[PDB]
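One structure is given below, encoded as structure tokens.
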RNA sequence: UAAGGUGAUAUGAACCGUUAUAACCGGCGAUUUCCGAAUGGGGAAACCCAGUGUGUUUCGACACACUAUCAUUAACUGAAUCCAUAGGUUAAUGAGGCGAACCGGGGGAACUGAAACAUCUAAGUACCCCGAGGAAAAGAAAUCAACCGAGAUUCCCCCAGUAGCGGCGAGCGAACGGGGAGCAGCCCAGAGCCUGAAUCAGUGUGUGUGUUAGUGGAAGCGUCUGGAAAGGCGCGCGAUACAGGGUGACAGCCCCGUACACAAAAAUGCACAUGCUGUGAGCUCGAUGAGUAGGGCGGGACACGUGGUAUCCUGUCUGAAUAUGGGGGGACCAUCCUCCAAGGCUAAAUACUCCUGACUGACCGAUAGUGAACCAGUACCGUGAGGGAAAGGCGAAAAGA
Ligand SMILES: [K+]
Ligand SMILES: [K+]
Ligand SMILES: [K+]
Ligand SMILES: [K+]
Ligand SMILES: [K+]
Ligand SMILES: [K+]
Ligand SMILES: [K+]
Ligand SMILES: [K+]
Ligand SMILES: [K+]
Ligand SMILES: [K+]
Ligand SMILES: [Mg+2]
Ligand SMILES: [Mg+2]
Ligand SMILES: [Mg+2]
Ligand SMILES: [Mg+2]
Ligand SMILES: [Mg+2]
Ligand SMILES: [Mg+2]
Ligand SMILES: [Mg+2]
Ligand SMILES: [Mg+2]
Ligand SMILES: [Mg+2]
Ligand SMILES: [Mg+2]
Ligand SMILES: [Mg+2]
Ligand SMILES: [Mg+2]
Ligand SMILES: [Mg+2]
Ligand SMILES: [Mg+2]
Ligand SMILES: [Mg+2]
Ligand SMILES: [Mg+2]
Ligand SMILES: [Mg+2]
Ligand SMILES: [Mg+2]
Ligand SMILES: [Mg+2]
């Protein structure tokens, strides 16, 4: 599924709105990317499917801290 | 007849069971041929088997 | 417990045989009783060739409602109502009128 | 060895008919109603133990029950297994 | 005051009804042939109706 | 003339039978509806 | 608990029983084929085919028990690759399915209204999906208010069809504040002290008190009519019982009940009392939720359609201060007031009824009332989803000629 493993960001629905305010249903998808993260502690790369936002979170909190949260939620990687 | 059966041992009960089953078989053949007037005996023996099996199950510890 | 039992001497309270006395032969589950010689019907019995064939107009007792008979108290010589009480641990029936055990 | 408990349940009744009678006095074959789930092996074992005769062979068939009305009240009779038991020559029952 | 004895004595008499002054109702007053009020009840009804 | 109903027991069971119904959530909803209504016969299964 | 009985059709056949192992009723047990989540594999449901291990064997064979998947945990094992990791095996524990409504969440119409129709409405409705409970959800102020104050949430009555929103159309429609129901507060982001002390919890034992069978339960005769009396008439009686049902007509006193008073070997609910084990309260000293608030862009929710538009949510791109600080008070600024986000838990008042018991109706009485008073979700119709009837009354008694 199009879900960020770090942030939990997923598709949300909303409308397109024309100039005449015609509403048609649309989705907003997260900016997801598969990325190999170097886990210095474990001397290996881990692949996560993460939003660009999630990648900023990992930069800030560090991958080790984030991987702990994944293990707590019970999300495999 | 549960009192007097409850005195008997497992091996004695197992022997009683076979006897009843042989009686049941004999009555069934008689009934089939039309040489059994006492139709009530079929039920008696059937309930006797059930009684023995019950007691066997108790002495097993189930 | 039942107030009217098999073998009780009863008197008929209502119906064509009002007043007549008799002994209770059978008590049916329906809440009816056969009383000897009371509620007689003339059955037109067909002959049954399978077995013996006594095909005729037979007179037999028909069941009467148990509430239509009363226990006959021979002392008073009248219909009586029944109550229950314990005497020596055992539940017994007694006549309401004179309080005597039945 | 088939338990005697089992053998005592498998034979249900003799089957009486013109065909059964002719089978007996022509081919030394007895016709039995047997338990629906009785195998040829069980039937053979039971007859040899309970009737005390030597069995050559058992043939079996399932009879399908008929639909029968009972005072404007319909119901299907049970299927039952019939066994043609051929006794060895010299045996009698 | 609703006398419990009087209440129990009147239960099985279908033509008789026993109320307290607070529990009077228009239909009852009309429905019965006679109305018996205790002196106390009269005082209470007065106060109830000013 | 050839009419629309041309019976095949195999096809009947595969299309509409109990196991076909149990195979999908919509099939299971059919059985739930039929049980709720109290049908004597849940499926074509004989 | 009992003089009768073994469920009915249902007649009789064979029987069982009568003072207590007949039967019947209640508690606790036992047994409980096959299919079905179906779980040893498979499969056209109710079937086909096994493996392993224990036994047993008259060597023909037989019995019994195990053997699904996934999650979690543990142990052992274990690649490419040296460690390792992935993977593998075994064990333990748990899950799955069903269910009328109510509940939370993820998605989400159209007819229709606007006398056309596109914004808007219908409506976050129908419906699909996921999840959960006996309720759910919500909940302990970064809330309101207005310089006076209030003090979590939920529900009801007002405020008010008001203020507003709105092709300013059709329509939509608050809050402040008041009256009520109910009321409750806590904990983590951390050590010391206290010591196992508040307290709840688990598991025993008591004592009350329900529930699950039951027991007793008042008092009427005469006469007339009639097929029959319970009706008429006469004269009595009971009533903490004249609710109701039955009985050959519409019975307080014939029967069953009713008011009222009693009852449990066994299991079990609830409220108190009290052993035991776990539990850390209280005090002191700290700490005080960051890709967060806020912002740009696009949407959504708020009565509010972006509008001068606050506040809330966030797909996308960014990005503070951190108590000398920060949020809110309907653009915005200043002042003042008020609160402390970015962690969590929490009873009651509220919603509903597949189901059980009791009672009630200016509710129906067989074309009505359920589709169904009756063997009806049946017959019948349809490949299927699905649709779906008709049909009650002899008599007091079968005395059914
Ligand atoms: K009264
Ligand atoms: K299975
Ligand atoms: K429309
Ligand atoms: K129109
Ligand atoms: K049009
Ligand atoms: K009279
Ligand atoms: K009577
Ligand atoms: K009449
Ligand atoms: K009556
Ligand atoms: K942001
Ligand atoms: Mg052959
Ligand atoms: Mg064959
Ligand atoms: Mg059958
Ligand atoms: Mg399977
Ligand atoms: Mg299987
Ligand atoms: Mg296979
Ligand atoms: Mg229109
Ligand atoms: Mg539950
Ligand atoms: Mg909750
Ligand atoms: Mg009694
Ligand atoms: Mg009485
Ligand atoms: Mg009449
Ligand atoms: Mg804000
Ligand atoms: Mg923001
Ligand atoms: Mg802004
Ligand atoms: Mg914005
Ligand atoms: Mg502001
Ligand atoms: Mg009519
Ligand atoms: Mg109808």
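Chains as they are written, first to last, in our numbering: chain E, 1 to 77; chain W, 78 to 139; chain S, 140 to 241; chain V, 242 to 334; chain U, 335 to 384; chain L, 385 to 430.
The C-beta atom is built at its ideal place from N, Cα and C for all residues, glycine as well.
Beta-carbon proximity list for residue i, same chain, < 6 Å, skipping 5 on both sides
{"i": "residue 340 (chain U)", "result": "352"}
{"i": "residue 209 (chain S)", "result": "150, 152 and 218"}
{"i": "residue 378 (chain U)", "result": "355"}
{"i": "residue 370 (chain U)", "result": "none"}
{"i": "residue 332 (chain V)", "result": "294 and 295"}
{"i": "residue 10 (chain E)", "result": "3"}
{"i": "residue 344 (chain U)", "result": "350 and 352"}
{"i": "residue 232 (chain V)", "result": "A query on residue 232 (chain V) cannot be resolved here, the shown segment of chain V reaching from 242 to 334 and no further."}
{"i": "residue 429 (chain L)", "result": "401 and 402"}
Residues of its chain near residue i, where Cβ-Cβ distance is below 7 Å and the 5 sequence neighbours each way are ignored
{"i": "residue 320 (chain V)", "result": "277, 303, 304, 305 and 306"}
{"i": "residue 268 (chain V)", "result": "327"}
{"i": "residue 224 (chain S)", "result": "231 and 233"}
{"i": "residue 237 (chain V)", "result": "Nothing about residue 237 (chain V) can be reported from this structure: the residues present for chain V run from 242 to 334 only."}
{"i": "residue 183 (chain S)", "result": "196"}
{"i": "residue 406 (chain L)", "result": "412"}
Any non-hydrogen atom of ligand 12 within 7 Å of residue i CB
{"i": "residue 273 (chain V)", "result": "no"}
Contact with chain V by residue i, beta-carbon distance below 8 Å
{"i": "residue 110 (chain W)", "result": "yes"}
{"i": "residue 123 (chain W)", "result": "no"}
{"i": "residue 133 (chain W)", "result": "no"}
{"i": "residue 104 (chain W)", "result": "no"}
{"i": "residue 99 (chain W)", "result": "yes"}
{"i": "residue 95 (chain W)", "result": "yes"}
Sequence-distant residues of its chain with Cβ nearer than 8 Å to residue i (five each side left out)
{"i": "residue 264 (chain V)", "result": "270, 271, 272 and 325"}
{"i": "residue 90 (chain W)", "result": "82, 129, 132, 133 and 136"}
{"i": "residue 37 (chain E)", "result": "45, 46, 47, 48, 58 and 63"}
{"i": "residue 126 (chain W)", "result": "94, 97, 98 and 101"}
{"i": "residue 194 (chain S)", "result": "184, 185, 186 and 187"}
{"i": "residue 245 (chain V)", "result": "290"}
{"i": "residue 23 (chain E)", "result": "15, 16 and 17"}
{"i": "residue 375 (chain U)", "result": "354 and 355"}
heavy atom of ligand 1 below 7 Å from residue i C-beta
{"i": "residue 348 (chain U)", "result": "yes"}
{"i": "residue 351 (chain U)", "result": "yes"}
{"i": "residue 344 (chain U)", "result": "yes"}
Residue i - partner residues in DSSP beta bridges
{"i": "residue 328 (chain V)", "result": "V:296"}
{"i": "residue 100 (chain W)", "result": "DSSP lists no partner for residue 100 (chain W)."}
{"i": "residue 13 (chain E)", "result": "E:27"}
{"i": "residue 35 (chain E)", "result": "E:48"}
{"i": "residue 226 (chain S)", "result": "S:229"}
Test: residue i CB closer than 8 Å to a CB of chain W
{"i": "residue 253 (chain V)", "result": "yes"}
{"i": "residue 328 (chain V)", "result": "no"}
{"i": "residue 291 (chain V)", "result": "yes"}
{"i": "residue 249 (chain V)", "result": "yes"}
{"i": "residue 245 (chain V)", "result": "yes"}
Heavy atom of ligand 7 within 7 Å of residue i beta-carbon
{"i": "residue 362 (chain U)", "result": "no"}
Distance cut-off 7 Å: residue i Cβ against heavy atoms of ligand 13
{"i": "residue 253 (chain V)", "result": "no"}
{"i": "residue 169 (chain S)", "result": "no"}
Any chance the stretch 151-167 of chain S sits against the stretch 198-209 of chain S, with 3 or more Cβ pairs inside 8 Å? yes
Evaluate the contact criterion for the stretch 246-258 of chain V versus the stretch 94-110 of chain W: three or more CB pairs, one atom per stretch, below 8 Å. yes
Tell me whether the stretch 37-53 of chain E and the stretch 11-18 of chain E touch, counting them as touching only if at least three CB pairs, one residue from each stretch, are closer than 8 Å. no
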